[PDB]
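Since the structure comes first, as structure tokens, the remarks are kept for the end.
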Amino acid sequence: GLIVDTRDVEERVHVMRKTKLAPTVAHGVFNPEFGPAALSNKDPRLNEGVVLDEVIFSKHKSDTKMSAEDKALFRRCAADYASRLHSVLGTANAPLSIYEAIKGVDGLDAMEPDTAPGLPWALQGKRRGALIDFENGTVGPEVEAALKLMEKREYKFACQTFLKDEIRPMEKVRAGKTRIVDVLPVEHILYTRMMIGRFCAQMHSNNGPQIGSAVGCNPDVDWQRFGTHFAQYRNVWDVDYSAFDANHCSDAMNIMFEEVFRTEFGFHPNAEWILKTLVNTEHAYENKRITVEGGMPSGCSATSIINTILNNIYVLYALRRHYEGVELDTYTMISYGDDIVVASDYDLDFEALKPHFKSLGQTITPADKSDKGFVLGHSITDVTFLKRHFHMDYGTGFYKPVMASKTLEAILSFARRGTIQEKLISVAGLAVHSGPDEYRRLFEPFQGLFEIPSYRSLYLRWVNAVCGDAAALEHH
RNA sequence: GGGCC
RNA sequence: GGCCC
């Protein structure tokens, strides 16, 4: 986005500056080029001259203004994708009740009771539990009044900037490229879930190539579905964006919201309004208040879905800006936020599409840095999606999600205090697809200290998960 | 938020 | 609680 105003008010919004992450026994074995992100300006690991609060917002450098012709084309592409989207999902997009928005419906998880409430509740020392009853699904007097202001469309708010305590590559830790979470007020999150939660649940349930969304997928079971689909096409592209979320221009955001969330598709009129409030935002970091135009906040409800929808429209837009006669059936794609795999039987020049993505303020590069550009003839077994490769399991003939060993090693090298055992069981479900030799090697440092699931038990679990009949047929 | 285990 | 985004 674009930083348009910076103010210094005499009210501190104090941020966390101490990491919950600590090295594990595996850290001394794998020695990863990774570490916890810098949360303080006085972190000794930082380069001698890095100003963390400047590097945090450095992603906001532009809000690209699209021409009249480009805006018209974008609207056309947004309407065409929305047509496809709502044809598959249906038009049952009525507002969620206050109860259902908190408790969650089929395909939508419940709201977290003990997470950050946002502003101005954080300054008043209030939590989410004090403002909202998460057991009975009811709201207090404060949230009640705020919801009525949103209905009148007169509600205004500020985003609370939070440092993301996570493992990052050492080069980015040293540079101070700490990621940020834009924590929105809890009532804004609730009302967004009221406005588009039904839609959001449907997209999770109907995830796949047909809607171009993998949001709500289970890579264990869905890699077979995704893998066999993309295997049918002549060309497959692994496309990377740089600062996707930040580089969404106001024009693209506004037009998308206008075309996708129309009342004629079953939405409440305020669905479009509440999403449009994410375009021009105020951010609170300590004493400074930063006004940003364009870009997507990360703490907003349905950021993954919004980013995914934009990704789908971007591809159609760029192809239509370059080629004549492009439709939704010209290609196929799957997206999860900024992450994307594209495929076609046509030999599409993705290198030529670069300036067309630039007209949206987006920068595309091939994932693999072997070639000096995009090349044809790649298959599904060459690309990465959700940090996972597409590998064939020789035992079953099904596609399996394989994460790189260096990634798994980095994951296993750090943990939040008192969570190591629970973490190991989770990572074991990821590591099983690397094979018995690699699985054993990854969990060797933990042996005798924690319970590690056998490779066998997790393999048999996976076979039944992907195909129940195949597991039963093995007992022929 | 947003899912999946 | 963990992973991915």
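So that the names make sense, note that chain A is the first sequence line, chain B the second, and so on, each numbered from 1. Because only heavy atoms are used, hydrogens play no part in the values below, and waters and symmetry mates are left out as well, while side chains stay in.
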Indicate, with a heavy-atom threshold strictly under 4.0 Å, whether A:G429 touches base, sugar-phosphate, or nothing. nothing

Taken to the nearest whole Å, CD1/A:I420 to P/C:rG2 is 10 Å

- Sugar-phosphate, base or nothing in reach of A:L108, heavy atoms under 4.0 Å: sugar-phosphate

So the ring-ring contact (aromatic ring centres under 6.0 Å, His included) pairs with at least one residue in residues 117-136 of chain A (sequence neighbours excluded) are none

In whole angstroms, the gap separating P of C:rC3 from CE of A:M403 amounts to 10 Å

Distance-only donor-acceptor hits, side chain of residues 158-165 of chain A, under 3.5 Å, sequence neighbours excluded:
residue: A:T161; atom: OG1; partner: A:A284; partner atom: O; Å: 3.3
residue: A:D165; atom: OD1; partner: A:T19; partner atom: OG1; Å: 2.7
residue: A:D165; atom: OD2; partner: A:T19; partner atom: OG1; Å: 3.3
residue: A:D165; atom: OD2; partner: A:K20; partner atom: N; Å: 2.8

A:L412 atom CG is separated from C:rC3 atom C1', nearest whole Å, by 11 Å

Annotated structure of RNA chain B as dot-bracket, pair cut-off 3.5 Å, Watson-Crick or G-U only, | for inter-strand, is .||||

To the nearest angstrom, the NZ-P distance between A:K164 and C:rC5 comes to 11 Å

*Check the pair A:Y314 / A:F244 against ring-ring contact (aromatic ring centres under 6.0 Å, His included), numbers first and verdict last.*
CA-CA 11 Å; A:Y314 288 172; A:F244 188 72; 5.7 Å; yes

With sequence neighbours left out, the residues meeting ring-ring contact (aromatic ring centres under 6.0 Å, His included) with A:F265 are A:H86

* To do: Look at all strands and tell whether A:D338 reaches a base, only sugar-phosphate, or nothing, counting heavy atoms closer than 4.0 Å.
  => sugar-phosphate

Between NE2 of A:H433 and P of C:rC4 the distance, given in whole Å, is 15 Å

- Query: Under 6.0 Å between ring centres, would you say that holds for A:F267 and A:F199?
  - Reply: yes

note: A:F446, atom CZ; C:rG2, atom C1'; distance rounded to Å ~ 13 Å

The side chain to side chain donor-acceptor pair (under 3.5 Å) partners of A:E142 (sequence neighbours excluded) come to none

Ring-ring centroid check A:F374 A:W237, cutoff 6.0 Å
no

ring-ring contact (aromatic ring centres under 6.0 Å, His included) pairs touching residues 289-309 of chain A, sequence neighbours excluded, are none

Residues pairing under side-chain hydrogen bond (donor to acceptor under 3.5 Å, both in side chains) where one sits in residues 122-140 of chain A, two or more places apart or in two chains, turn out to be A:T115-A:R128

- prompt: Counting only N and O atoms by type, is there a donor-acceptor contact under 3.5 Å from the side chain of A:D222 to the main-chain atoms of A:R225?
  reply: no

Sorted by chain and residue number, the ring-ring contact (aromatic ring centres under 6.0 Å, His included) partners of A:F157 (sequence neighbours excluded) come out as A:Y155, A:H188

Contact check, residues 182-194 of chain A vs RNA chain B, heavy-atom distance under 4.0 Å, returns A:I189, A:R193

Between CD of A:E409 and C1' of C:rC3 the distance, given in whole Å, is 17 Å

Per the under-4.0 Å heavy-atom filter, residues of residues 382-393 of chain A near RNA chain C come out as A:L386, A:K387, A:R388

Per nearest nucleotide of RNA chain B, the residue lying toward the 5' end, A:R461 or A:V215, is A:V215

If the cut-off is 4.0 Å, is A:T419 near the phosphate of C:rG2, judged by side-chain N/O to OP1 or OP2? yes

Separation of C:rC3 atom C1' from A:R168 atom CZ, nearest Å, is 16 Å

At a 4.0 Å cut-off to heavy atoms of chain A, the contacted part of RNA chain B spans B:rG1 to B:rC5

Classify the nucleic acid contact of A:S301 as base, sugar-phosphate or nothing, counting any heavy atom under 4.0 Å across all strands shown. sugar-phosphate

Whether A:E166 and A:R179 form a salt bridge (side-chain N of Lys/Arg under 4.0 Å from carboxylate O of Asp/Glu) is what I want to check.
yes

Enumerate donor-acceptor pairs with a distance under 3.5 Å from any side-chain N or O in residues 291-304 of chain A to protein atoms, sequence neighbours excluded.
residue: A:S298; atom: OG; partner: A:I180; partner atom: O; Å: 3.3
residue: A:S298; atom: OG; partner: A:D182; partner atom: N; Å: 3.2
residue: A:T303; atom: OG1; partner: A:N307; partner atom: ND2; Å: 3.0

Verdict with reasoning, A:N311 to A:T308, per side chain to side chain donor-acceptor pair (under 3.5 Å): CA-CA 5 Å; A:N311 214 145; A:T308 300; over 6 Å; no

